[PDB]
$ cat target.pdb   # PDB, N, CA and C atoms
ATOM      1  N   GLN D  57      -3.476  63.776  -4.563
ATOM      2  CA  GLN D  57      -4.060  62.566  -3.990
ATOM      3  C   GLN D  57      -4.002  61.387  -4.960
ATOM      4  N   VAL D  58      -4.347  61.614  -6.229
ATOM      5  CA  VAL D  58      -4.317  60.526  -7.212
ATOM      6  C   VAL D  58      -2.906  59.958  -7.345
ATOM      7  N   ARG D  59      -1.923  60.847  -7.484
ATOM      8  CA  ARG D  59      -0.548  60.411  -7.694
ATOM      9  C   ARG D  59       0.002  59.691  -6.463
ATOM     10  N   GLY D  60      -0.342  60.185  -5.270
ATOM     11  CA  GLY D  60       0.082  59.522  -4.054
ATOM     12  C   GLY D  60      -0.520  58.145  -3.881
ATOM     13  N   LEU D  61      -1.789  57.974  -4.258
ATOM     14  CA  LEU D  61      -2.394  56.647  -4.177
ATOM     15  C   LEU D  61      -1.710  55.665  -5.117
ATOM     16  N   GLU D  62      -1.316  56.128  -6.303
ATOM     17  CA  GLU D  62      -0.568  55.260  -7.212
ATOM     18  C   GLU D  62       0.735  54.765  -6.570
ATOM     19  N   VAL D  63       1.532  55.693  -6.034
ATOM     20  CA  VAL D  63       2.797  55.285  -5.411
ATOM     21  C   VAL D  63       2.557  54.407  -4.182
ATOM     22  N   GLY D  64       1.480  54.665  -3.441
ATOM     23  CA  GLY D  64       1.201  53.867  -2.259
ATOM     24  C   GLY D  64       0.851  52.429  -2.579
ATOM     25  N   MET D  65       0.103  52.208  -3.663
ATOM     26  CA  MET D  65      -0.142  50.836  -4.105
ATOM     27  C   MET D  65       1.147  50.143  -4.521
ATOM     28  N   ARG D  66       2.076  50.888  -5.120
ATOM     29  CA  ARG D  66       3.375  50.280  -5.413
ATOM     30  C   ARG D  66       4.084  49.822  -4.131
ATOM     31  N   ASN D  67       4.099  50.676  -3.100
ATOM     32  CA  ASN D  67       4.712  50.290  -1.822
ATOM     33  C   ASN D  67       4.016  49.087  -1.187
ATOM     34  N   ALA D  68       2.687  49.031  -1.278
ATOM     35  CA  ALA D  68       1.954  47.905  -0.706
ATOM     36  C   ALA D  68       2.321  46.598  -1.389
ATOM     37  N   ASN D  69       2.531  46.640  -2.703
ATOM     38  CA  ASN D  69       2.909  45.414  -3.397
ATOM     39  C   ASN D  69       4.326  44.989  -3.020
ATOM     40  N   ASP D  70       5.211  45.962  -2.773
ATOM     41  CA  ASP D  70       6.535  45.651  -2.223
ATOM     42  C   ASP D  70       6.450  44.920  -0.885
ATOM     43  N   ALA D  71       5.583  45.396   0.011
ATOM     44  CA  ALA D  71       5.409  44.725   1.299
ATOM     45  C   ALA D  71       4.894  43.299   1.129
ATOM     46  N   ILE D  72       3.937  43.099   0.219
ATOM     47  CA  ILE D  72       3.424  41.751  -0.029
ATOM     48  C   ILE D  72       4.539  40.834  -0.520
ATOM     49  N   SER D  73       5.421  41.358  -1.376
ATOM     50  CA  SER D  73       6.551  40.569  -1.869
ATOM     51  C   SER D  73       7.459  40.107  -0.734
ATOM     52  N   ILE D  74       7.849  41.035   0.143
ATOM     53  CA  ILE D  74       8.723  40.687   1.265
ATOM     54  C   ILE D  74       8.088  39.597   2.128
ATOM     55  N   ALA D  75       6.824  39.800   2.513
ATOM     56  CA  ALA D  75       6.156  38.836   3.385
ATOM     57  C   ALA D  75       6.048  37.468   2.727
ATOM     58  N   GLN D  76       5.806  37.446   1.419
ATOM     59  CA  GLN D  76       5.649  36.191   0.697
ATOM     60  C   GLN D  76       6.957  35.403   0.645
ATOM     61  N   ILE D  77       8.084  36.091   0.421
ATOM     62  CA  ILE D  77       9.383  35.407   0.428
ATOM     63  C   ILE D  77       9.682  34.806   1.800
ATOM     64  N   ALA D  78       9.514  35.593   2.869
ATOM     65  CA  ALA D  78       9.833  35.069   4.202
ATOM     66  C   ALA D  78       8.930  33.897   4.587
ATOM     67  N   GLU D  79       7.629  34.036   4.330
ATOM     68  CA  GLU D  79       6.684  32.975   4.629
ATOM     69  C   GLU D  79       7.002  31.702   3.866
ATOM     70  N   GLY D  80       7.439  31.815   2.609
ATOM     71  CA  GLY D  80       7.818  30.626   1.871
ATOM     72  C   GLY D  80       9.082  29.979   2.388
ATOM     73  N   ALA D  81      10.019  30.785   2.893
ATOM     74  CA  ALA D  81      11.231  30.224   3.481
ATOM     75  C   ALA D  81      10.944  29.387   4.721
ATOM     76  N   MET D  82       9.956  29.774   5.533
ATOM     77  CA  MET D  82       9.714  29.039   6.783
ATOM     78  C   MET D  82       9.149  27.620   6.588
ATOM     79  N   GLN D  83       8.607  27.308   5.409
ATOM     80  CA  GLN D  83       7.999  26.000   5.164
ATOM     81  C   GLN D  83       9.029  24.871   5.131
ATOM     82  N   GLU D  84      10.181  25.101   4.503
ATOM     83  CA  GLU D  84      11.234  24.089   4.491
ATOM     84  C   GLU D  84      11.791  23.842   5.882
ATOM     85  N   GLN D  85      11.844  24.886   6.708
ATOM     86  CA  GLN D  85      12.267  24.729   8.092
ATOM     87  C   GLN D  85      11.303  23.833   8.860
ATOM     88  N   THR D  86       9.996  24.071   8.705
ATOM     89  CA  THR D  86       8.999  23.172   9.290
ATOM     90  C   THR D  86       9.200  21.731   8.837
ATOM     91  N   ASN D  87       9.448  21.542   7.545
ATOM     92  CA  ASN D  87       9.612  20.207   6.979
ATOM     93  C   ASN D  87      10.793  19.471   7.608
ATOM     94  N   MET D  88      11.925  20.164   7.730
ATOM     95  CA  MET D  88      13.105  19.548   8.320
ATOM     96  C   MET D  88      12.906  19.252   9.801
ATOM     97  N   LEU D  89      12.186  20.116  10.526
ATOM     98  CA  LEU D  89      11.893  19.812  11.927
ATOM     99  C   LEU D  89      11.038  18.558  12.076
ATOM    100  N   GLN D  90      10.075  18.355  11.178
ATOM    101  CA  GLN D  90       9.306  17.110  11.211
ATOM    102  C   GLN D  90      10.204  15.895  11.004
ATOM    103  N   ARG D  91      11.155  16.000  10.075
ATOM    104  CA  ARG D  91      12.099  14.899   9.866
ATOM    105  C   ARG D  91      12.924  14.610  11.125
ATOM    106  N   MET D  92      13.428  15.658  11.789
ATOM    107  CA  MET D  92      14.183  15.455  13.029
ATOM    108  C   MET D  92      13.327  14.826  14.118
ATOM    109  N   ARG D  93      12.046  15.188  14.184
ATOM    110  CA  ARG D  93      11.147  14.542  15.139
ATOM    111  C   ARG D  93      11.050  13.041  14.898
ATOM    112  N   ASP D  94      10.945  12.632  13.636
ATOM    113  CA  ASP D  94      10.926  11.199  13.336
ATOM    114  C   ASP D  94      12.229  10.513  13.739
ATOM    115  N   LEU D  95      13.369  11.154  13.473
ATOM    116  CA  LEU D  95      14.652  10.574  13.880
ATOM    117  C   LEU D  95      14.751  10.428  15.396
ATOM    118  N   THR D  96      14.229  11.406  16.138
ATOM    119  CA  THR D  96      14.262  11.330  17.595
ATOM    120  C   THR D  96      13.366  10.217  18.120
ATOM    121  N   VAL D  97      12.178  10.044  17.539
ATOM    122  CA  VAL D  97      11.328   8.930  17.958
ATOM    123  C   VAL D  97      11.996   7.601  17.634
ATOM    124  N   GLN D  98      12.736   7.540  16.526
ATOM    125  CA  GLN D  98      13.430   6.306  16.172
ATOM    126  C   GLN D  98      14.589   6.002  17.112
ATOM    127  N   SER D  99      15.177   7.021  17.738
ATOM    128  CA  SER D  99      16.251   6.776  18.699
ATOM    129  C   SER D  99      15.797   6.019  19.945
ATOM    130  N   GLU D 100      14.506   6.028  20.264
ATOM    131  CA  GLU D 100      13.977   5.365  21.452
ATOM    132  C   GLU D 100      13.619   3.911  21.181
ATOM    133  N   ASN D 101      14.610   3.095  20.859
ATOM    134  CA  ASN D 101      14.402   1.723  20.426
ATOM    135  C   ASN D 101      15.439   0.853  21.117
ATOM    136  N   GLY D 102      14.981  -0.060  21.972
ATOM    137  CA  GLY D 102      15.896  -0.861  22.764
ATOM    138  C   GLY D 102      16.714  -1.857  21.971
ATOM    139  N   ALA D 103      16.708  -1.752  20.649
ATOM    140  CA  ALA D 103      17.545  -2.588  19.805
ATOM    141  C   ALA D 103      18.649  -1.797  19.124
ATOM    142  N   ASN D 104      18.614  -0.471  19.213
ATOM    143  CA  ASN D 104      19.687   0.350  18.683
ATOM    144  C   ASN D 104      20.943   0.170  19.521
ATOM    145  N   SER D 105      22.095   0.311  18.878
ATOM    146  CA  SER D 105      23.381   0.330  19.547
ATOM    147  C   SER D 105      24.028   1.695  19.325
ATOM    148  N   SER D 106      25.261   1.864  19.807
ATOM    149  CA  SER D 106      25.892   3.180  19.758
ATOM    150  C   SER D 106      26.176   3.623  18.326
ATOM    151  N   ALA D 107      26.456   2.676  17.432
ATOM    152  CA  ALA D 107      26.704   3.032  16.039
ATOM    153  C   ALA D 107      25.434   3.525  15.353
ATOM    154  N   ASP D 108      24.302   2.865  15.616
ATOM    155  CA  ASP D 108      23.033   3.313  15.050
ATOM    156  C   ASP D 108      22.635   4.677  15.592
ATOM    157  N   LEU D 109      22.858   4.899  16.888
ATOM    158  CA  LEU D 109      22.582   6.199  17.479
ATOM    159  C   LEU D 109      23.457   7.279  16.859
ATOM    160  N   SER D 110      24.713   6.947  16.553
ATOM    161  CA  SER D 110      25.597   7.916  15.915
ATOM    162  C   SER D 110      25.134   8.246  14.502
TER     163      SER D 110
ATOM    164  N   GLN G  57       1.433  13.686  14.508
ATOM    165  CA  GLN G  57       0.850  12.479  15.091
ATOM    166  C   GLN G  57       0.891  11.299  14.121
ATOM    167  N   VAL G  58       0.530  11.527  12.856
ATOM    168  CA  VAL G  58       0.543  10.438  11.872
ATOM    169  C   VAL G  58       1.949   9.864  11.723
ATOM    170  N   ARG G  59       2.934  10.747  11.570
ATOM    171  CA  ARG G  59       4.304  10.305  11.342
ATOM    172  C   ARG G  59       4.866   9.583  12.568
ATOM    173  N   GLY G  60       4.541  10.079  13.764
ATOM    174  CA  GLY G  60       4.978   9.415  14.975
ATOM    175  C   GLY G  60       4.371   8.041  15.157
ATOM    176  N   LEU G  61       3.096   7.876  14.797
ATOM    177  CA  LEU G  61       2.486   6.552  14.886
ATOM    178  C   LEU G  61       3.153   5.566  13.939
ATOM    179  N   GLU G  62       3.534   6.026  12.748
ATOM    180  CA  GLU G  62       4.267   5.153  11.829
ATOM    181  C   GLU G  62       5.575   4.653  12.455
ATOM    182  N   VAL G  63       6.384   5.578  12.980
ATOM    183  CA  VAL G  63       7.653   5.164  13.587
ATOM    184  C   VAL G  63       7.426   4.288  14.820
ATOM    185  N   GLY G  64       6.359   4.551  15.574
ATOM    186  CA  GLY G  64       6.092   3.757  16.761
ATOM    187  C   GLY G  64       5.730   2.320  16.447
ATOM    188  N   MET G  65       4.967   2.102  15.372
ATOM    189  CA  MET G  65       4.711   0.731  14.933
ATOM    190  C   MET G  65       5.990   0.031  14.503
ATOM    191  N   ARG G  66       6.916   0.770  13.891
ATOM    192  CA  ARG G  66       8.207   0.157  13.581
ATOM    193  C   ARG G  66       8.930  -0.304  14.855
ATOM    194  N   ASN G  67       8.963   0.550  15.885
ATOM    195  CA  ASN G  67       9.591   0.163  17.155
ATOM    196  C   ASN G  67       8.897  -1.036  17.800
ATOM    197  N   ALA G  68       7.567  -1.086  17.725
ATOM    198  CA  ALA G  68       6.835  -2.207  18.307
ATOM    199  C   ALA G  68       7.188  -3.517  17.621
ATOM    200  N   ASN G  69       7.381  -3.478  16.304
ATOM    201  CA  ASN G  69       7.744  -4.705  15.607
ATOM    202  C   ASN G  69       9.164  -5.138  15.967
ATOM    203  N   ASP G  70      10.056  -4.168  16.201
ATOM    204  CA  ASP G  70      11.387  -4.486  16.734
ATOM    205  C   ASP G  70      11.315  -5.215  18.074
ATOM    206  N   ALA G  71      10.462  -4.735  18.980
ATOM    207  CA  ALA G  71      10.301  -5.403  20.271
ATOM    208  C   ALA G  71       9.778  -6.828  20.110
ATOM    209  N   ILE G  72       8.808  -7.024  19.212
ATOM    210  CA  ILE G  72       8.285  -8.368  18.972
ATOM    211  C   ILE G  72       9.388  -9.291  18.466
ATOM    212  N   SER G  73      10.262  -8.773  17.599
ATOM    213  CA  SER G  73      11.382  -9.567  17.092
ATOM    214  C   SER G  73      12.303 -10.032  18.215
ATOM    215  N   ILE G  74      12.708  -9.106  19.088
ATOM    216  CA  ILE G  74      13.595  -9.457  20.198
ATOM    217  C   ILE G  74      12.966 -10.543  21.070
ATOM    218  N   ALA G  75      11.708 -10.334  21.471
ATOM    219  CA  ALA G  75      11.046 -11.294  22.353
ATOM    220  C   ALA G  75      10.923 -12.662  21.698
ATOM    221  N   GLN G  76      10.665 -12.684  20.392
ATOM    222  CA  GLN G  76      10.492 -13.939  19.673
ATOM    223  C   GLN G  76      11.795 -14.733  19.605
ATOM    224  N   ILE G  77      12.923 -14.051  19.365
ATOM    225  CA  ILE G  77      14.218 -14.741  19.357
ATOM    226  C   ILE G  77      14.532 -15.342  20.725
ATOM    227  N   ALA G  78      14.383 -14.554  21.795
ATOM    228  CA  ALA G  78      14.715 -15.078  23.125
ATOM    229  C   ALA G  78      13.811 -16.246  23.522
ATOM    230  N   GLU G  79      12.508 -16.100  23.283
ATOM    231  CA  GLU G  79      11.562 -17.157  23.595
ATOM    232  C   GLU G  79      11.864 -18.432  22.828
ATOM    233  N   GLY G  80      12.285 -18.321  21.565
ATOM    234  CA  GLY G  80      12.649 -19.513  20.824
ATOM    235  C   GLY G  80      13.916 -20.166  21.325
ATOM    236  N   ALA G  81      14.864 -19.366  21.817
ATOM    237  CA  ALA G  81      16.081 -19.930  22.391
ATOM    238  C   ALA G  81      15.805 -20.765  23.635
ATOM    239  N   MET G  82      14.830 -20.372  24.458
ATOM    240  CA  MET G  82      14.600 -21.105  25.713
ATOM    241  C   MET G  82      14.027 -22.522  25.526
ATOM    242  N   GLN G  83      13.468 -22.833  24.355
ATOM    243  CA  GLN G  83      12.849 -24.137  24.118
ATOM    244  C   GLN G  83      13.874 -25.271  24.073
ATOM    245  N   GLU G  84      15.019 -25.048  23.429
ATOM    246  CA  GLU G  84      16.067 -26.065  23.406
ATOM    247  C   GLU G  84      16.640 -26.313  24.789
ATOM    248  N   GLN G  85      16.710 -25.270  25.613
ATOM    249  CA  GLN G  85      17.149 -25.427  26.992
ATOM    250  C   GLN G  85      16.191 -26.318  27.773
ATOM    251  N   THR G  86      14.884 -26.073  27.635
ATOM    252  CA  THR G  86      13.889 -26.967  28.234
ATOM    253  C   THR G  86      14.077 -28.410  27.780
ATOM    254  N   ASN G  87      14.308 -28.601  26.484
ATOM    255  CA  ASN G  87      14.458 -29.937  25.917
ATOM    256  C   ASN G  87      15.643 -30.678  26.531
ATOM    257  N   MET G  88      16.780 -29.991  26.638
ATOM    258  CA  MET G  88      17.965 -30.613  27.213
ATOM    259  C   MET G  88      17.784 -30.906  28.697
ATOM    260  N   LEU G  89      17.076 -30.038  29.431
ATOM    261  CA  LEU G  89      16.800 -30.339  30.836
ATOM    262  C   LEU G  89      15.943 -31.588  30.997
ATOM    263  N   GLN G  90      14.966 -31.787  30.111
ATOM    264  CA  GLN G  90      14.192 -33.029  30.156
ATOM    265  C   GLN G  90      15.082 -34.248  29.937
ATOM    266  N   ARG G  91      16.021 -34.150  28.997
ATOM    267  CA  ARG G  91      16.957 -35.255  28.776
ATOM    268  C   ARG G  91      17.797 -35.548  30.024
ATOM    269  N   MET G  92      18.314 -34.501  30.681
ATOM    270  CA  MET G  92      19.084 -34.706  31.912
ATOM    271  C   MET G  92      18.239 -35.331  33.012
ATOM    272  N   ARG G  93      16.960 -34.962  33.096
ATOM    273  CA  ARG G  93      16.071 -35.602  34.061
ATOM    274  C   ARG G  93      15.964 -37.104  33.823
ATOM    275  N   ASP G  94      15.840 -37.513  32.563
ATOM    276  CA  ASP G  94      15.811 -38.946  32.264
ATOM    277  C   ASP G  94      17.115 -39.638  32.651
ATOM    278  N   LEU G  95      18.256 -39.003  32.370
ATOM    279  CA  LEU G  95      19.539 -39.589  32.761
ATOM    280  C   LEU G  95      19.658 -39.734  34.276
ATOM    281  N   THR G  96      19.150 -38.754  35.023
ATOM    282  CA  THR G  96      19.202 -38.829  36.480
ATOM    283  C   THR G  96      18.307 -39.936  37.018
ATOM    284  N   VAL G  97      17.111 -40.105  36.451
ATOM    285  CA  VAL G  97      16.262 -41.213  36.883
ATOM    286  C   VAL G  97      16.918 -42.547  36.551
ATOM    287  N   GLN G  98      17.644 -42.611  35.434
ATOM    288  CA  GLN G  98      18.328 -43.849  35.071
ATOM    289  C   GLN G  98      19.496 -44.159  35.996
ATOM    290  N   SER G  99      20.098 -43.141  36.614
ATOM    291  CA  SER G  99      21.183 -43.391  37.562
ATOM    292  C   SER G  99      20.741 -44.145  38.814
ATOM    293  N   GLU G 100      19.455 -44.129  39.150
ATOM    294  CA  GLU G 100      18.939 -44.788  40.345
ATOM    295  C   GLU G 100      18.569 -46.242  40.080
ATOM    296  N   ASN G 101      19.552 -47.063  39.745
ATOM    297  CA  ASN G 101      19.331 -48.434  39.318
ATOM    298  C   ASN G 101      20.374 -49.308  39.996
ATOM    299  N   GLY G 102      19.922 -50.218  40.856
ATOM    300  CA  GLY G 102      20.843 -51.023  41.638
ATOM    301  C   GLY G 102      21.647 -52.023  40.835
ATOM    302  N   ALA G 103      21.623 -51.920  39.513
ATOM    303  CA  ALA G 103      22.446 -52.760  38.659
ATOM    304  C   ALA G 103      23.544 -51.974  37.963
ATOM    305  N   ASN G 104      23.516 -50.649  38.052
ATOM    306  CA  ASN G 104      24.587 -49.833  37.507
ATOM    307  C   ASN G 104      25.853 -50.018  38.328
ATOM    308  N   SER G 105      26.997 -49.884  37.672
ATOM    309  CA  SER G 105      28.292 -49.870  38.322
ATOM    310  C   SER G 105      28.943 -48.509  38.091
ATOM    311  N   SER G 106      30.183 -48.346  38.558
ATOM    312  CA  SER G 106      30.820 -47.033  38.500
ATOM    313  C   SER G 106      31.087 -46.592  37.064
ATOM    314  N   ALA G 107      31.350 -47.541  36.167
ATOM    315  CA  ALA G 107      31.582 -47.187  34.770
ATOM    316  C   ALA G 107      30.306 -46.690  34.101
ATOM    317  N   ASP G 108      29.175 -47.343  34.378
ATOM    318  CA  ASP G 108      27.900 -46.890  33.829
ATOM    319  C   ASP G 108      27.516 -45.523  34.376
ATOM    320  N   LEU G 109      27.756 -45.302  35.667
ATOM    321  CA  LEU G 109      27.495 -44.000  36.261
ATOM    322  C   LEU G 109      28.367 -42.925  35.629
ATOM    323  N   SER G 110      29.617 -43.263  35.307
ATOM    324  CA  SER G 110      30.497 -42.299  34.656
ATOM    325  C   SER G 110      30.017 -41.967  33.249
TER     326      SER G 110
END

$ encode --input "target.pdb" --output "structure tokens"
Amino acid sequence: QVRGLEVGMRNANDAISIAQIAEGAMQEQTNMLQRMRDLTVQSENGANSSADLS
Amino acid sequence: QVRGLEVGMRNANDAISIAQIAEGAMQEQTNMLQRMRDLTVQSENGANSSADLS
């Protein structure tokens, strides 16, 4: 039991590592989506022309 | 919401710019129409001849 609990805590820390990497990756994706939202709101401007839209 | 309000105020100022340019253009047109009105009233003078009318 003692030896198994030691190895199990090692596995639990491995799981925390995986979750932490993935969760940190999703933050930059959120950030870029916010930027695209601003660009889309800026497209709704009756003074833009086709070059500005491009 | 914060970021969208920022971009929306930018669009609103663009609209104010467009309206201000067009509204300023119409003033010279009004001015010239007043001048033509004076010329037309001056045409109604029983002392004018064809050269003055021209």

$ closest_atom_pairs --input "target.pdb" --of "chain D" --to "chain G" --cutoff "7 Å" --atoms "only N, CA and C atoms" --output "JSON lines"
{"residue": "D:94", "atom": "CA", "partner": "G:59", "partner_atom": "C", "distance": 6.3}
{"residue": "D:97", "atom": "C", "partner": "G:63", "partner_atom": "C", "distance": 6.3}
{"residue": "D:98", "atom": "N", "partner": "G:63", "partner_atom": "CA", "distance": 6.3}
{"residue": "D:100", "atom": "C", "partner": "G:67", "partner_atom": "CA", "distance": 6.8}
{"residue": "D:101", "atom": "CA", "partner": "G:67", "partner_atom": "CA", "distance": 6.0}
{"residue": "D:103", "atom": "N", "partner": "G:70", "partner_atom": "C", "distance": 6.9}

$ calpha_fit_and_write --input "target.pdb" --fixed "chain G" --moving "chain D" --output "compact mmCIF listing (two decimals) with N, CA and C atoms, in the coordinates of the input"
# COMPACT_ATOMS: atom_id res chain seq x y z
N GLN D 57 1.43 13.69 14.51
CA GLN D 57 0.85 12.48 15.09
C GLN D 57 0.89 11.30 14.12
N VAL D 58 0.53 11.53 12.86
CA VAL D 58 0.54 10.44 11.87
C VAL D 58 1.95 9.86 11.72
N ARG D 59 2.93 10.75 11.57
CA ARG D 59 4.30 10.30 11.34
C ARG D 59 4.87 9.58 12.57
N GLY D 60 4.54 10.08 13.76
CA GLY D 60 4.98 9.42 14.97
C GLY D 60 4.37 8.04 15.16
N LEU D 61 3.10 7.88 14.80
CA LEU D 61 2.49 6.55 14.89
C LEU D 61 3.15 5.57 13.94
N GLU D 62 3.53 6.03 12.75
CA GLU D 62 4.27 5.15 11.83
C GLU D 62 5.57 4.65 12.45
N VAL D 63 6.38 5.58 12.98
CA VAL D 63 7.65 5.16 13.59
C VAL D 63 7.43 4.29 14.82
N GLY D 64 6.36 4.55 15.57
CA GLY D 64 6.09 3.76 16.76
C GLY D 64 5.73 2.32 16.45
N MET D 65 4.97 2.10 15.37
CA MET D 65 4.71 0.73 14.93
C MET D 65 5.99 0.03 14.50
N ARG D 66 6.92 0.77 13.89
CA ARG D 66 8.21 0.16 13.58
C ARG D 66 8.93 -0.30 14.85
N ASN D 67 8.96 0.55 15.88
CA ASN D 67 9.59 0.16 17.15
C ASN D 67 8.90 -1.04 17.80
N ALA D 68 7.57 -1.09 17.73
CA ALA D 68 6.84 -2.21 18.31
C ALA D 68 7.19 -3.52 17.62
N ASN D 69 7.38 -3.48 16.31
CA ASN D 69 7.74 -4.71 15.61
C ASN D 69 9.16 -5.14 15.97
N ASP D 70 10.06 -4.17 16.20
CA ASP D 70 11.39 -4.49 16.73
C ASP D 70 11.31 -5.21 18.07
N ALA D 71 10.46 -4.73 18.98
CA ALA D 71 10.30 -5.40 20.27
C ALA D 71 9.78 -6.83 20.11
N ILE D 72 8.81 -7.02 19.21
CA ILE D 72 8.28 -8.37 18.97
C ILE D 72 9.39 -9.29 18.47
N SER D 73 10.26 -8.77 17.60
CA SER D 73 11.38 -9.57 17.09
C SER D 73 12.30 -10.03 18.22
N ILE D 74 12.71 -9.11 19.09
CA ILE D 74 13.59 -9.46 20.20
C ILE D 74 12.97 -10.54 21.07
N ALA D 75 11.71 -10.33 21.47
CA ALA D 75 11.05 -11.29 22.35
C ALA D 75 10.92 -12.66 21.70
N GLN D 76 10.66 -12.68 20.39
CA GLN D 76 10.49 -13.94 19.67
C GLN D 76 11.80 -14.73 19.61
N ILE D 77 12.92 -14.05 19.37
CA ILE D 77 14.22 -14.74 19.36
C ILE D 77 14.53 -15.34 20.73
N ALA D 78 14.38 -14.55 21.80
CA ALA D 78 14.72 -15.08 23.13
C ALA D 78 13.81 -16.25 23.52
N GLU D 79 12.51 -16.10 23.28
CA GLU D 79 11.56 -17.16 23.59
C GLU D 79 11.86 -18.43 22.83
N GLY D 80 12.29 -18.32 21.57
CA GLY D 80 12.65 -19.51 20.82
C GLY D 80 13.92 -20.17 21.33
N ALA D 81 14.86 -19.36 21.82
CA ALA D 81 16.08 -19.93 22.39
C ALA D 81 15.81 -20.77 23.63
N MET D 82 14.83 -20.37 24.46
CA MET D 82 14.60 -21.11 25.71
C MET D 82 14.03 -22.52 25.53
N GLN D 83 13.47 -22.83 24.35
CA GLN D 83 12.85 -24.14 24.12
C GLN D 83 13.87 -25.27 24.07
N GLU D 84 15.02 -25.05 23.43
CA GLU D 84 16.07 -26.06 23.41
C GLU D 84 16.64 -26.31 24.79
N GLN D 85 16.71 -25.27 25.61
CA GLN D 85 17.15 -25.43 26.99
C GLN D 85 16.19 -26.32 27.77
N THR D 86 14.88 -26.07 27.63
CA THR D 86 13.89 -26.97 28.23
C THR D 86 14.08 -28.41 27.78
N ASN D 87 14.31 -28.60 26.48
CA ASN D 87 14.46 -29.94 25.92
C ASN D 87 15.64 -30.68 26.53
N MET D 88 16.78 -29.99 26.64
CA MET D 88 17.96 -30.61 27.21
C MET D 88 17.78 -30.91 28.70
N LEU D 89 17.08 -30.04 29.43
CA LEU D 89 16.80 -30.34 30.84
C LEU D 89 15.94 -31.59 31.00
N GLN D 90 14.97 -31.79 30.11
CA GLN D 90 14.19 -33.03 30.16
C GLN D 90 15.08 -34.25 29.94
N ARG D 91 16.02 -34.15 29.00
CA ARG D 91 16.96 -35.25 28.78
C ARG D 91 17.80 -35.55 30.02
N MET D 92 18.31 -34.50 30.68
CA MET D 92 19.08 -34.71 31.91
C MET D 92 18.24 -35.33 33.01
N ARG D 93 16.96 -34.96 33.09
CA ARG D 93 16.07 -35.60 34.06
C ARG D 93 15.96 -37.10 33.82
N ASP D 94 15.84 -37.51 32.56
CA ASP D 94 15.81 -38.95 32.26
C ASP D 94 17.12 -39.64 32.65
N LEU D 95 18.25 -39.00 32.37
CA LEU D 95 19.54 -39.59 32.76
C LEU D 95 19.66 -39.73 34.28
N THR D 96 19.15 -38.75 35.02
CA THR D 96 19.20 -38.83 36.48
C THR D 96 18.31 -39.94 37.02
N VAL D 97 17.11 -40.10 36.45
CA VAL D 97 16.26 -41.21 36.88
C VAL D 97 16.92 -42.55 36.55
N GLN D 98 17.64 -42.61 35.43
CA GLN D 98 18.33 -43.85 35.07
C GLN D 98 19.50 -44.16 36.00
N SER D 99 20.10 -43.14 36.61
CA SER D 99 21.18 -43.39 37.56
C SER D 99 20.74 -44.14 38.81
N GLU D 100 19.45 -44.13 39.15
CA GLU D 100 18.94 -44.79 40.35
C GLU D 100 18.57 -46.24 40.08
N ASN D 101 19.55 -47.06 39.75
CA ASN D 101 19.33 -48.43 39.32
C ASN D 101 20.37 -49.31 40.00
N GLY D 102 19.92 -50.22 40.86
CA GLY D 102 20.84 -51.02 41.64
C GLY D 102 21.65 -52.02 40.83
N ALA D 103 21.62 -51.92 39.51
CA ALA D 103 22.45 -52.76 38.66
C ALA D 103 23.54 -51.97 37.96
N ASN D 104 23.52 -50.65 38.05
CA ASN D 104 24.59 -49.83 37.51
C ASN D 104 25.85 -50.02 38.33
N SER D 105 27.00 -49.88 37.67
CA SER D 105 28.29 -49.87 38.32
C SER D 105 28.94 -48.51 38.09
N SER D 106 30.18 -48.35 38.56
CA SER D 106 30.82 -47.03 38.50
C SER D 106 31.09 -46.59 37.06
N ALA D 107 31.35 -47.54 36.17
CA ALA D 107 31.58 -47.19 34.77
C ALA D 107 30.31 -46.69 34.10
N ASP D 108 29.17 -47.34 34.38
CA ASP D 108 27.90 -46.89 33.83
C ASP D 108 27.52 -45.52 34.37
N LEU D 109 27.76 -45.30 35.67
CA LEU D 109 27.49 -44.00 36.26
C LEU D 109 28.37 -42.92 35.63
N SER D 110 29.62 -43.26 35.31
CA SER D 110 30.50 -42.30 34.66
C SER D 110 30.02 -41.97 33.25

$ atom_distance --input "target.pdb" --atom1 "atom CA of residue G:58" --atom2 "atom CA of residue D:87"
14.2 Å

$ atom_distance --input "target.pdb" --atom1 "atom CA of residue D:99" --atom2 "atom CA of residue G:72"
17.1 Å

$ atom_distance --input "target.pdb" --atom1 "atom C of residue D:93" --atom2 "atom CA of residue D:108"
15.4 Å

$ build_atoms --input "target.pdb" --residues "stretch 65-69 of chain G" --atoms "N, CA, C and O atoms" --output "PDB file, keeping the file's coordinate frame"
ATOM      1  N   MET G  65       4.967   2.102  15.372  1.00  0.00           N
ATOM      2  CA  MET G  65       4.711   0.731  14.933  1.00  0.00           C
ATOM      3  C   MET G  65       5.990   0.031  14.503  1.00  0.00           C
ATOM      4  O   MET G  65       6.163  -1.175  14.742  1.00  0.00           O
ATOM      5  N   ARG G  66       6.916   0.770  13.891  1.00  0.00           N
ATOM      6  CA  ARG G  66       8.207   0.157  13.581  1.00  0.00           C
ATOM      7  C   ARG G  66       8.930  -0.304  14.855  1.00  0.00           C
ATOM      8  O   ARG G  66       9.445  -1.433  14.921  1.00  0.00           O
ATOM      9  N   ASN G  67       8.963   0.550  15.885  1.00  0.00           N
ATOM     10  CA  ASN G  67       9.591   0.163  17.155  1.00  0.00           C
ATOM     11  C   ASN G  67       8.897  -1.036  17.800  1.00  0.00           C
ATOM     12  O   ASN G  67       9.553  -1.908  18.388  1.00  0.00           O
ATOM     13  N   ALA G  68       7.567  -1.086  17.725  1.00  0.00           N
ATOM     14  CA  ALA G  68       6.835  -2.207  18.307  1.00  0.00           C
ATOM     15  C   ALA G  68       7.188  -3.517  17.621  1.00  0.00           C
ATOM     16  O   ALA G  68       7.298  -4.568  18.272  1.00  0.00           O
ATOM     17  N   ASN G  69       7.381  -3.478  16.304  1.00  0.00           N
ATOM     18  CA  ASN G  69       7.744  -4.705  15.607  1.00  0.00           C
ATOM     19  C   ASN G  69       9.164  -5.138  15.967  1.00  0.00           C
ATOM     20  O   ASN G  69       9.453  -6.339  16.066  1.00  0.00           O
TER      21      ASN G  69
END
